[PDB]
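A.B. asks: Take a look at this one; I'll ask things after.
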Amino acid sequence: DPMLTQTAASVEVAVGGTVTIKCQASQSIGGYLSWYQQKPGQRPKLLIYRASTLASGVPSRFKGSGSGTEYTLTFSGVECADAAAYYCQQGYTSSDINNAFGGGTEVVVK
Amino acid sequence: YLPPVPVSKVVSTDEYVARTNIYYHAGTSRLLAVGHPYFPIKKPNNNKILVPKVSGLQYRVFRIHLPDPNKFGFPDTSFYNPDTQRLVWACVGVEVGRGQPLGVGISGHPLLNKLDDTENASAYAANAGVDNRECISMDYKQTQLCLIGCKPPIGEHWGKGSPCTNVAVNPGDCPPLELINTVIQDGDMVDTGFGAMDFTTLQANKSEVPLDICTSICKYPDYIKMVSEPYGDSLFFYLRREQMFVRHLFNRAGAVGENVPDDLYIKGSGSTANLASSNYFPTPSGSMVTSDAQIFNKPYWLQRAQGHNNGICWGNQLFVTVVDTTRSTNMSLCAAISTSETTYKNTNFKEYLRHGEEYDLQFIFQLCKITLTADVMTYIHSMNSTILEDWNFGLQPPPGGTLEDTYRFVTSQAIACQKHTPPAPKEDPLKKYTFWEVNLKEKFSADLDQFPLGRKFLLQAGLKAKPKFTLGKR
């Protein structure tokens with residue numbers, strides 16, 4: 001069972017700060033990993049997959065890195081509509097796992 | 001005391017071996033081989049081989065042990081001093097034969113990595129089932145060869161080696177794929193289809209080709225290494241033959257690492273913003289295997305080698321390899337667990353598969369004596385050390401003793417442990433590499449009139465007074 005913990009509550013950040021959210025995995029998953037933003041009133045919404053390739057309609061000010069077992073997600077220039085919930089998620093599609101790919105939050109930006 | 005200078009270049013054998021009129025015939029009896037065509041079957045608990053793998057794609061290297069002609073019997077007017085000259089065998093005619101019907105030999109294993117076909121379609125579906133691989137079977141490519149050398153032949157394959165320690169980013173990387181060449185065993189396979197890569201130390205999914213070449217190496221002979229060596233050894237009469245054809249066009253799983261560039265296609269929209277596949281394996285098929293071009297049961301002879309040495313067989317040894325996949329029949333066998341039921345069933349008869357092969361070899365050898373006066377003695381020892389070491393030219397050590405006590409009852413509690421417990425060489429170095437032994441120690445025959453090849457060689461050359469006029473017409 002590949003497990004990503006994400007036991008990290010996010011720190012208060014101002015406009016223009018940089019945040020390092022770190023998602024670590026027990027088993028090696030390759031590069032297959034996704035990230036999502038969850039605004040607390042609507043459906044979830046994806047930013048980047050395979051830790052390097054961003055989706056359409058998303059600005060290039062979000063970053064992606066990390067390989068092997070640990071991965072990250074950084075960005076700078078925090079707007080007003082970045083108050084949401086974040087989630088890292090693997091794609092190893094195994095059978096005997098109980099993933100839920102959980103963890104991740106983000107404070108209201110001052 | 002100051003030996004003369006040795007010649008810096010090598011030389012053909014016409015200058016220092018002699019040729020007499022004394023010929024001999026040696027033909028083995030019959031050689032049969034039965035087993036399974038796909039995998040050598042074994043017990044579920046441990047390693048033990050009930051049936052051998054036998055399929056018609058192997059190499060079948062032979063190893064001919066010849067009788068030593070330094071103690072051998074001859075008719076009259078053949079004389080030599082054993083302190084001055086010695087004797088050696090030379091082959092002048094060889095045959096390879098098979099009696100079988102004429103087969104095909106298809107294969108295919110039930111877990112072959114296929115996704116779709118790329119010959120026609122209407123709409124491509126990105127599917128990616130977990131192991132969605134399916135049984136597909138195929139044909140192979142027909143090949144023939146014959147190589148005759150004093151030492152075993154040499155093949156090649158494309159494998160994997162250690163890269164430079166510059167960059168290490170992922171276990172999902174690519175090997176360097178350097179080229180190496182080894183000595184050929186009895187059981188290595190050939191395919192001129194997918195080609196010479198060992199599918200074990202290179203492919204970890206082991207689901208690329210059918211299962212007859214999946215746990216082993218698919219080799220291929222060189223034809224450059226065995227002619228560029230300065231002696232003319234290891235092959236001196238080769239006859240190559242093969243055919244090929246392409247049948248169908250398919251796709252692998254599709255986990256591409258070497259991605260496509262961007263500036264090659266144009267991006268569309270909707271379902272047209274993805275990739276179908278980039279990796280295509282085609283299937284081979286040998287076609288129209290007609291038995292008029294078969295290079296077999298035809299007694300060819302030798303007057304000239306492609307190399308420097310002729311069919312002089314140093315060390316009283318000879319190697320023959322033949323490759324055939326035209327007799328590749330398969331025998332659908334089945335047997336029933338119970339016969340009393342007057343209705344046929346699912347599981348009352350269970351089936352098997354077997355494969356067989358029949359060989360026969362016949363040779364014509366010619367006597368060759370070699371005089372030695374202080375000049376070729378320097379040359380022969382420099383050619384190979386074992387050629388001079390198989391004949392004793394040095395006198396005795398100071399203790400000779402009675403060679404080995406030779407106890408009578410070899411398994412008891414009286415004596416200590418005996419019989420070759422420390423094995424000092426004197427053996428063949430190639431003991432670690434298996435062959436097919438063919439013992440021909442007393443197969444030879446001085447007359448060759450009543451022999452099935454012997455009149456075919458005799459008819460070709462002059463037969464005038466050689467046959468003799470046994471009891472006459474009037």
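Counting neighbours? That spans all protein chains shown, and the Cβs are built from the backbone with ideal geometry, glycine included. Just so it is clear, none of the values below were taken in a lab; they were calculated from the coordinates.
A.B. asks: What ranking of B:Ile370, B:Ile387 emerges when the number of other C-beta atoms within 10 Å of each C-beta is taken as an exposure proxy, fewest first?
C.D. replies: Listed from fewest to most nearby Cβ atoms, that is B:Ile387, B:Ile370.
A.B. asks: Order these peptides, B:203-214, B:348-359, by their mean beta-carbon neighbour count within 10 angstrom, highest first.
C.D. replies: The packing order, highest mean first, is B:203-214, B:348-359.
A.B. asks: Shifting gears a bit: Under 13 Å from the Cβ of B:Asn132, count the other residues' Cβ atoms, weight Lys and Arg +1, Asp and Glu -1, and hand me the total.
C.D. replies: Net charge around B:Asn132: 0.
A.B. asks: Give the span of chain A's Cα atoms along each principal axis, as three whole-Å numbers ordered largest to smallest.
C.D. replies: 42, 23, 23
A.B. asks: Within the set of other residues whose C-beta is less than 15 Å from the C-beta of B:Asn70, count the net charge using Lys and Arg as +1 and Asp and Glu as -1.
C.D. replies: It works out to a net charge of 0.
A.B. asks: Moving on. Contact order normalised by length for chain B, with contacts defined as Cα pairs under 8 Å and 6 or more residues apart; what percent is it?
C.D. replies: 33 percent
A.B. asks: In the protein assembly as shown, if every C-alpha pair distance is counted and binned at 10 Å from zero, what percent goes to each bin?
C.D. replies: Here the calculated profile for the protein assembly as shown is 2, 11, 17, 17, 15, 13, 10, 7, 5, 2, 1, 0, 0, 0.
A.B. asks: Fully extended, how many nm does the chain gain between B:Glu258 and B:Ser338 (0.36 nm per residue separation, minus their Cα-Cα distance)?
C.D. replies: 23.1 nm
A.B. asks: Report the local net charge at B:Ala414: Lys and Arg +1, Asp and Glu -1, summed over other residues whose C-beta lies under 14 Å from its C-beta.
C.D. replies: With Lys, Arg at +1 and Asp, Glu at -1, the net is 0.
A.B. asks: Next question, about the same structure. Taking the simple approach of a point 7 Å from Cα along Cα-to-Cβ for both B:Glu358 and B:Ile22, what is their distance in nm?
C.D. replies: 3.7 nm
A.B. asks: Specify the inter-centroid distance of the range B:178-233 and the range B:52-67, based on alpha-carbon positions, in whole Å.
C.D. replies: 17 Å
A.B. asks: First check a/c for the range B:225-324, with a ≥ b ≥ c the square roots of the eigenvalues of its C-alpha gyration tensor; if it is under 1.5, answer rounded, and if not, answer prolate when a/b is larger than b/c or oblate otherwise.
C.D. replies: Prolate is the answer for the range B:225-324, as a/c is 1.5 or above and a/b outweighs b/c.
A.B. asks: Calculate, for B:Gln418 and A:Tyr32, the FRET efficiency according to 1/(1 + (r/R0)^6) with r their C-beta to C-beta distance and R0 56 Å; round to the nearest 0.05.
C.D. replies: With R0 = 56 Å, the Cβ-Cβ based efficiency is 0.30.
A.B. asks: Once fully extended, how much extra length lies between A:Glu12 and A:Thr105, figured as 0.36 nm per residue of separation less the alpha-carbon to alpha-carbon distance?
C.D. replies: Gain in length upon complete extension: 32.4 nm.
A.B. asks: A follow-up question, please. How much length is gained on full extension from B:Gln460 to B:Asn274, taking 0.36 nm per residue of separation minus their Cα-Cα distance?
C.D. replies: Length difference between fully extended and current span is 59.9 nm.
A.B. asks: According to the square roots a ≥ b ≥ c of the eigenvalues of the Cα gyration tensor, what is the shape class of chain B, taking rounded for a/c under 1.5, prolate for a/b larger than b/c otherwise, and oblate for the remainder?
C.D. replies: prolate
A.B. asks: Order the peptides B:325-332, B:302-309 from the highest to the lowest mean number of other Cβ atoms within 10 Å of their residues.
C.D. replies: The most tightly packed comes first, giving B:325-332, B:302-309.
A.B. asks: Can you tell me the alpha carbon radius of gyration of the range B:16-55 divided by the globular rule-of-thumb value 2.2 N^0.38 Å?
C.D. replies: Ratio of Cα Rg to 2.2 N^0.38 Å: 2.34.
A.B. asks: Write down Rg/Rh for the range B:326-474, rounded to two decimals, with Rg from the C-alpha atoms and Rh from the Kirkwood relation over Cα pairs.
C.D. replies: 1.16
A.B. asks: Relative to the Cα centre, what is the charge dipole magnitude of the range B:18-461, using +1 at the beta carbon of each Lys and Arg, -1 at the beta carbon of each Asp and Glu, and rounding to the nearest 20 debye?
C.D. replies: Dipole about the Cα centre, nearest 20: 880 debye.
A.B. asks: Rounded, prolate or oblate: which fits the range B:168-236 when a ≥ b ≥ c are the square roots of the eigenvalues of the alpha-carbon gyration tensor, with rounded for a/c under 1.5 and prolate only if a/b beats b/c?
C.D. replies: Here the range B:168-236 falls in the oblate category.
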